[PDB]
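# Summary of the model geometry
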Protein chains: 4
Amino acid sequence: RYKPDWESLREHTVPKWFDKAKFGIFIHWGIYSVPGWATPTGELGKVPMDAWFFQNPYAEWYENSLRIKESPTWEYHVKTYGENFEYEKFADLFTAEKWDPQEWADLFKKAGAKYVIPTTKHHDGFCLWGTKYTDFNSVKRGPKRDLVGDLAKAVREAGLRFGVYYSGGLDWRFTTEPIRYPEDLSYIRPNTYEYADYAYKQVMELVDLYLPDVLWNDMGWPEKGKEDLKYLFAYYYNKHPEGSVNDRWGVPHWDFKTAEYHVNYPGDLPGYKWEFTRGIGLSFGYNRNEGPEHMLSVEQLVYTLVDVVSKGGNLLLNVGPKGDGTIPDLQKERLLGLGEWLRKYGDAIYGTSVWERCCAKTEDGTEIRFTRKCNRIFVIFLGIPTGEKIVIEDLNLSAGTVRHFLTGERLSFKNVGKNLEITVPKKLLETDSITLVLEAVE
Amino acid sequence: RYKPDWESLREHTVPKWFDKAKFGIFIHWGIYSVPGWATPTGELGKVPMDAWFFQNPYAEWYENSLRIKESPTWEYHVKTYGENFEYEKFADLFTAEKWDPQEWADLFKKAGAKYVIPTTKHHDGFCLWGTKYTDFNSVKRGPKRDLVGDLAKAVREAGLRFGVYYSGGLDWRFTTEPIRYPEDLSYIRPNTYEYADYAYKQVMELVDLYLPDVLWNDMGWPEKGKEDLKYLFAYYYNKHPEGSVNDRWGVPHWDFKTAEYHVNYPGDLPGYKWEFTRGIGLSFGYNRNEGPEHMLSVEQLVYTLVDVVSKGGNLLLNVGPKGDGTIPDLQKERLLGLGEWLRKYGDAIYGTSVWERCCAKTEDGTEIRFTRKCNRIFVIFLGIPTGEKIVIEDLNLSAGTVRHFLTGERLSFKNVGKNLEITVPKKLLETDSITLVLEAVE
Amino acid sequence: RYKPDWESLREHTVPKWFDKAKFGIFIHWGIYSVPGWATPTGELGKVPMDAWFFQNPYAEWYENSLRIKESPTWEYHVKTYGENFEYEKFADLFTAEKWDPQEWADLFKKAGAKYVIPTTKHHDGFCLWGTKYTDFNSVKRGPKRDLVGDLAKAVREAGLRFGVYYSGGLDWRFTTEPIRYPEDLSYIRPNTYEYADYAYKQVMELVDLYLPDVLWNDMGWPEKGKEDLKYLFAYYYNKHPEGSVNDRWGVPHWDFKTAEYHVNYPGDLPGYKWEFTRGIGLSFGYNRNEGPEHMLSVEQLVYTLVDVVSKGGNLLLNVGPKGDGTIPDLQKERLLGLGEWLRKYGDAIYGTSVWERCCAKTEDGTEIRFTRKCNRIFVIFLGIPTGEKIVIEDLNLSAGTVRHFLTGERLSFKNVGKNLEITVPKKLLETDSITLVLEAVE
Amino acid sequence: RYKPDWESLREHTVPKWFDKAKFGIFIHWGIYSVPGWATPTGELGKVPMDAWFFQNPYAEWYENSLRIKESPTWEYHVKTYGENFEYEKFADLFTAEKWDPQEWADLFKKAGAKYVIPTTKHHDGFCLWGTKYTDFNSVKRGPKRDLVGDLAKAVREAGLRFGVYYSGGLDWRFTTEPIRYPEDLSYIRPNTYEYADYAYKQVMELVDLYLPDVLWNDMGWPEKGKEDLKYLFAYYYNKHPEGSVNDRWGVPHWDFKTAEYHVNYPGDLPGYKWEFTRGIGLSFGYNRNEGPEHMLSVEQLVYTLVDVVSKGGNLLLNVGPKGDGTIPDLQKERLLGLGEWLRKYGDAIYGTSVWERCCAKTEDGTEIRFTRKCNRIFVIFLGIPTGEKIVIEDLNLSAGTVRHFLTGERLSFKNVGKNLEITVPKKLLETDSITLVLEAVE
């Protein structure tokens, strides 16, 4: 088995299932799904962080925002709900009246996700499972239901993997002052031994009740509890060698790193497994202020996925359900778009490896990404070239054979110097959906 | 803002208001104010500590004393209240039937205090505010009132500063064995992680509910919680840059040090800000056994204040209210005496700085202290010289002009060698109250 | 006495002399002074750290830059001294043949400086005193003289305070790899126990041999050695209470913070003592490529010191001598011009204290800086207004008597709304040198 | 870049070259090589550690054994070289007079090895390069040559990867007492800060001078020095990303684990990269007492590498040269015979990946090992079956096309229940050398 120590734990590497999966669905859903409001400011890495927390665009940050008097959220709250209306009161409004866990899993499977990961407890501390350590949970308040357990049964019956998300680093149930600046995160935390034990008993409890395939932590782990993870990790891996943990614990071990919006995004091959995450929009929690203006489009979603996958990453796309349990139409439609693209092109994505390089481009600026599957080399164009002549630069091949993916029709090419030249018969170019895809066998 | 680390926190120095204030009132008041008894043994630093805890003179130490069987307090307790009468039972007798927070603040303002600091929780653990972490408090038991909050409103409306005192180091609600010797203090403490969290949540709670101008800790801070103060201090200073903390935390940071009775008393200029504290008597908590025999006299109080102020210190004089909320007459009278002296001489005290030296003396043994205010040099005699000729030794001046303070009447003087000689016309000497005061302008 | 522990060293605050000194001279002089060359790229806070170490503008980093093959420095070194000319070999050309310490102290005295601080060992590890802990020092090689010692006697003869600079964080005598990006500094350090002892002993020796007025460390203190500093600070302070240390050690204690070029400048009053430091030009070490285009002007220097001084700081101006011990005239002439404005306006600068605010400006944008001296408030215009009606935006006065500093001639003024209006007669405005200075006495 | 901290170094995984190399040659050569003698007791994992150090079979432990008076080694030393012949004196007889590095690299190349790792300093502390940190090295004494350096050029000339072995945990130059029982290793170590610095500097120097492909430490890293490794690993990886480190340092990071003789052998697939290591005979250093009785046979070596390789490992085979630089023929002939089986079957070994399982066996017990190469699955019988009907217990195939590896001749096969049956024609079975190899393509 694994021993409770970093050297021993190193022995555990990211399981094959996670590496080969490529696409998963995040689900930020909770009492913050009720007010369902946030000022759609922009993308992390582009919105200046000295204003960021005051015009927070992440609707799940509502309580933090409500705690900063006179901030869009505060005014919005008083006008819609009134002053005498505490945030925790939303736990009782959080009823999931129309939630159908199996409809959800059906949806994610059509969409092409191979795993799903719901928030089991976000920064506000509300727990979506019947935990035995707090009464602020979905069984006692709102839904009157074990949201986490019921969803795991569904996802697993649909044959997808199930992981859990937990805010180890922050819990507003243990603080008062809101975060106004990045620097605040350094001292405005539970900070107590009591909180460290709590966090521990809670992740241990999710492991014992659901044995998730992934432990997805957020915001670091209570400094007083970091040494606990040696035991927790050994405990978890000895009951499920194929489980996995991300890199937001702040300790020596992780199975795969993470990148969020612009933040930590690799430009070329990293050399370790990682996962990119972002909302279909700018917020993770449902934001009734967002319109298509702020959401990506099926095509941008497909481009996001290829770019991520060509770089050894997995894309963990967030969906933001409504308080009643339904997934807003603007997001259900996009998941479907992606789902379809994956039905046609999935074999150039699932189960692939990175190639010598991730990227290239045509003489005329269309970007290209590559992926590998043994001797097969998928060439994925981020769009569809109009001309039949395609000149890819700074690229030479030693294959001899280059087929047009969806049809398998052998194509002619030749290395014209520093470039590679292929002729794609418009009959074939019109056959492709959002990306021209060529397969090359060396 | 301030970062949660000792290097960063160093950036914070004692605020000007505390430095310039010079005089403040401590208030040790609680259920121990009910039995209101202690054997008046003497002054800390003079009573041998191998007997000290057995004949404890600090009435607030009653529970500790009651826990040492057959000790004056134990016999006194059984005879007055009986064996079957636990100390905690005094929480219910602690009724403050005649407390008027505003009368108190009026009193302290007449007295000349520029700030006030009540015990919010002493060694016995009873809390004088409606804390949400223990039911042993003034809201649930005794007074049925938030003693701390109500007093803060008063003091602040009287225009004085408000700080809080808290026994971080000791809490008899978490121990059983009493302290019999100094050495016991090294292991007879709560000692638990639970206690450390508790102390933390409680000071954090006073900060959030009242934002005190001073955090006055006592008896050190729970070893398991010392690292918490980085966050607590940064948290506190970022909400109130003008707050301040004393030196009884046992960590790298403090704004001003403290000296208690004989213990740690500086003999000449220290070079850092500090504050002296002591009771009008020998005990801090009300002791119905003390008589004028054991209390200082308005004159000794004035001398204590000048000596302290000439050495860069602030004097924090303790008042010991009665269980019903009234301040015993022997103490109200002395506060008033001091108050008056300050109305006449206050300008040679408030807002001053130390001079090249703090002290001197006449040929005939009257001690002298100095204080500064720009080029003005206050010369304060600890008494009133009978003769018109005054020979101050080991002192020469380069001023040229030396006025008699309360009148401003220019006086003649000359440096007669190693000494300084001034002639104070008896008309002027009789005009002064407890101290002859000369002003010199160089 | 001071004890070897942070709580105790907290007691020591910035000595009065330092706070009142206002202006010191840094001297970066070493064997790097001989090639005396850098590509003059810019101001720290302005050049991208992405190419910084490659196009380094700080001539004292010659060795680092020379270790980066294909760097402008590497290019220059090979054509000028040859590929087989080791940096270390400069210690044999570093002969200080025309060096006259009394001449430097006199120049720094005439320039208006109150303390002088020379590099005793910069990053290259060459020591400008006969340390017994290495033979790569100015006694065994180059000058065959104790530069620190000799200049220490001269500065003191000239009546100025003498401090010492020491590269504790970097010593290239213990590394081989050059620094290429900021990240590198995290791991390209000496790292050994050996080196932590070397730094300790070397500063201890500087303290025993010359008991400096200031211990100015750079680049941090070796992690394995940080605790030694409790002992070193206590040792130093107990031998010399009035000494001081800067903030570049990476431990809880320091007396005054520092700010370099654009990096860390206070926008307004800070609350602690600090010191701005910069070259007269961009480099600290002599750079033959810098011409007047790259240097500040007497005007700009004065404006600098006034700004820095009105915000509570000290200005540590850097001079960079030539390999032969001579001070380049461009630098000597700027130091002299500053000296003149100070002989003339010293009183509005030395021994001053910040006022309620540091800053203000005229209707037509002339900037204005303030300083205090008891009741006397100096008003310094960064330059001399042409008109006679002068309008100061956002500033009333409760003084009644505004005089013209250099003549003492009373002037007419009144509060015109949120503004202050004063009439300075052009005969007076023509007398002022670089700055119109008004003196008010509220 | 990599940063000096475990979370960051986690990023670095075993380089592809190492994983694909499959076979390397260890070289234990030093001044112990001159007495070249040990009592040949057995295999680690077989000899009782109760007498192990007393009857030591590892000739490179000569000094330790010689310090145990009344040990077979002590006996032999006195009769052979005399009581007054200090171990250290062997450095003068260690002359490598017939040493030809290109000759070794060529032999290791012909033997089929892809990397070579020599002992740069074993437990006796003698260094086989001109380290500047001790005079007990091969430049000042014995060979008067830089053995590490010279062999490093040859191995690379021969096109092989070169790593370095370093005894970080033990250095007998810092102890006097010998090791007598396993327990002793817990306290008979250098122990000093001094030594932790020595090890750091020495490996740093090996990294600067030869940037090895592998840092293979032995016996742990000095406790006082364990943290230096964050800095050393980052430094090494940043200079050479494709380098690697083994698991004998006692800190969180490592790229591949090790297994020695019986100690730690994986029974089946492990999940991480590892490397088995052993002598061709029992000793690592040359032992004149070992004859063929104590060595493995070409047959056994091949069987070893196949087993080790099918379980995901690499086999690090040890060669032990003579004091004069010559490789004993018994060892040279085994290396050559292995080389031949590899020239012939390399393809089923190099660049391979574990299959679903490593193992299987025939009805009549012939063991069978598997390896993968994309879809191609190599089946290796440890030996050549006599019959033609071959029955493989517990193994179905879903391939359809099983060919005979050395001829490519298609063969007949079908699934007979929980078994697989194949018919290998004796003309083919007669062509195979030590192992019948079948290649399947499902």
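Residues numbered from 1 in each chain as written, not as in the entry; some residues may be left out. Chains lettered and ligands numbered in written order. Part of a larger assembly, values for the part shown. Heavy atoms only, no water.

Method of determination, as given in the entry header: X-ray crystallography; reported resolution: 2.75 Å.

## With respect to the packing of aromatic side chains
For the structure shown, the criterion picks out 180 aromatic pairs over all chains. Between A:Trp341 and A:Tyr345, the ring centres sit 4.9 Å apart and the planes meet at 45 degrees, which makes this aromatic pair tilted. Of the two residues, A:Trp341 and A:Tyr345 both sit in helix α11 (residues 329–345), four residues apart, roughly one turn of that helix. Judged by centre distance (5.2 Å) and plane angle (40 degrees), the ring pair of D:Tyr58 and D:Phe284 falls under tilted. Of this pair, D:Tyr58 sits in the loop between β1 (23–27) and α3 (62–66) while D:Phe284 is found in the loop between β8 (274–279) and α9 (298–310), placing the two residues 226 residues apart along the sequence. The residues D:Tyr58 and D:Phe284 share a single accessibility class, namely buried. Taken together through their ring pairs, the aromatic side chains of A:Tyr2, A:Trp6, A:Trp221, A:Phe233, A:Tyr236, A:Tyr237 and A:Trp249 make up a single cluster. (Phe/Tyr/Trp six-rings, centres within 6.5 Å; stacked < 30°, edge-to-face > 60°. Helix = DSSP H or I, 4+ residues; strand = E, 2+ residues; numbered from the N terminus. Buried < 20%, exposed > 50% of the residue type's maximum accessible area, 1.4 Å probe, protein only.)

## Observations regarding the pairing of strand β16 (residues 419–423) of chain D
Residue and element names in this part refer to chain D. A large share of β16 lies buried, amounting to four of its five residues. As defined by bridge partners, strand β13 (residues 389–393) adjoins β16 across four bridges and the pair is classed as antiparallel. Bridged to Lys-389 within β16 is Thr-423. By the bridge criterion, five bridges tie strand β15 (residues 412–416) to β16 in an arrangement that is antiparallel. Looking at the pairing, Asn-415 lines up with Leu-420 of β16. Counting the residues that bridge the hairpin from β15 to β16 gives two residues, and of these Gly-417 lies at a positive phi of roughly 80 degrees. (Pairing = 2+ DSSP bridges.)

## Describing the interface of chain A and chain D
With 17 residues of chain A at the interface, the matching set in chain D holds 17 residues. For the chain A and chain D pair, buried surface summed over both sides reaches about 1600 Å², with 49% attributable to carbon and sulfur atoms. Ranking the residues of chain A by area buried against chain D places A:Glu7, A:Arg10 and A:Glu11 at the top, with a combined share of 46%. Our count for the chain A to chain D interface comes out at zero salt bridges. Where chain A meets chain D, there are nine residue pairs in polar contact. Take the side of chain A that touches chain D: its biggest share by element is three residues, from helix α1 (residues 6–10) of chain A. For the side of chain A that touches chain D, the residue count by class is six nonpolar, five polar and six charged. (Contact = heavy atoms within 4.5 Å. Buried area = accessible area lost by both parts, 1.4 Å probe. Salt bridge = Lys/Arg side-chain N within 4 Å of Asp/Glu carboxyl O. Polar contact = N/O pair within 3.5 Å; in protein donor to acceptor, adjacent residues only side chain to side chain. Nonpolar A, V, L, I, M, F, W, Y, C, P; charged D, E, K, R; others polar.)

## Considerations on the arrangement of the chains
With respect to C-alpha atoms, chain A approaches chain C no nearer than 16 Å, and the pair has no contact. Over all C-alpha pairs, chain B and chain D never come within contact, reaching a minimum spacing of 21 Å.

## Looking at the domain arrangement of chain A
Residues and elements named next belong to chain A. Examined at the domain level, chain A breaks down into domain 1 (1–350) and domain 2 (351–442). With 22 residues of domain 1 at the contact, the number on the domain 2 side is 24 residues. Summing the contributions of domain 1 and of domain 2, the shared interface buries around 1900 Å²; its carbon and sulfur component is 63%. When the area that domain 1 buries against domain 2 is broken down by residue, the three leading residues are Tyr-303, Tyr-345 and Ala-348, summing to 31%. The partner of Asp-307 in a salt bridge is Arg-369, with the nearest N and O atoms 2.6 Å apart. In this structure, the connection of domain 1 to domain 2 is made through 17 residue pairs in polar contact. (Domains from an automatic or database assignment.)

## Focus on the sheet that holds strand β6 (residues 257–260) of chain A
Residue and element names in this part refer to chain A. The six strands lie next to each other as β3-β2-β1-β8-β7-β6, forming an open sheet whose pairing is parallel. Edge positions in the sheet fall to β3 (161–162) and β6, since each of these pairs with one other strand and no more. As paired elements, strand β7 (residues 274–279) and strand β8 (residues 313–319) share six bridges and run parallel to each other. The residue of β8 that forms the bridge with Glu-275 is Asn-314. Its contacts with the sheet place α11 against β1 (23–27) and β8, and it is angled at close to 150 degrees to β8. (Axes fitted to C-alpha atoms, helices over the stretch in contact; angles between N-to-C directions.)

## Overview of the relation of the copies chain A and chain D
The two copies are related by a screw motion: chain A maps onto chain D through a turn of 180 degrees and a shift of 0.2 Å along the axis, at an RMSD of 0.3 Å. Both chain copies can therefore be described as sitting about a two-fold axis. Residues of chain A ranked by C-alpha distance from the rotation axis are headed by A:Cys374, positioned 3.0 Å from it. (Least-squares fit on C-alpha atoms.)

## Thoughts on the pattern of salt bridges
Going through the model one piece at a time under the given rule, you end up with 126 salt bridges over all chains. Between B:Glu260 and B:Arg248 there is a salt bridge, with the nearest N and O atoms lying 2.9 Å from each other. A residue pair is termed long-range when its members are at least 10 positions apart, and B:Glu260 in strand β6 (residues 257–260) and B:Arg248 in the loop between α9 (228–239) and β6 qualify at twelve residues. Residue class for B:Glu260 comes out buried when judged on its relative accessible area of 14%. Residues D:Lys239 and C:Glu177 are paired through a salt bridge, measuring 2.8 Å at the closest nitrogen-oxygen approach. With D:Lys239 in helix α8 (residues 228–239) and C:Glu177 in the loop between β4 (164–167) and α7 (193–210), this pair bridges two chains. Three or more residues joined by partner-sharing salt bridges are found here, namely A:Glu63, A:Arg67, A:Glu88 and A:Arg173.

## Comments concerning the sheet that holds strand β15 (residues 413–414) of chain B
Residues and elements named next belong to chain B. Strand order in the open sheet formed by three strands is β12-β16-β15, with antiparallel pairing between adjacent strands. Looking at strand neighbours, the two that pair on one side only are β12 (389–392) and β15, the edges of this open sheet. Pairing of β12 with strand β16 (residues 420–423), which is carried by four bridges, proceeds in the antiparallel orientation. In the strand pairing of β16, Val-391 is matched with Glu-421.

## Notes on the interface of chain D and chain C
In this complex, chain D contributes 15 residues to the contact, which on the side of chain C involves 14 residues. Across the chain D to chain C interface the summed buried area is about 1200 Å²; carbon plus sulfur atoms make up 52%. Of all residues in chain D, the largest losses of buried area upon contact with chain C belong to D:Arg1, D:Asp197 and D:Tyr235, amounting jointly to 38% of the total for that side. Our enumeration of links across chain D and chain C arrives at four salt bridges. Salt-bridge contacts for D:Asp228 lead to C:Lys224; the nearest nitrogen and oxygen are separated by 2.8 Å. On the surface where chain D and chain C come into contact, there are twelve residue pairs in polar contact. Among the elements of the structure, α7 (193–210) and α8 of chain D are those that each provide at least two residues to the side of chain D that touches chain C. It is α8(D) that contributes the most residues to the side of chain D that touches chain C, six residues altogether.

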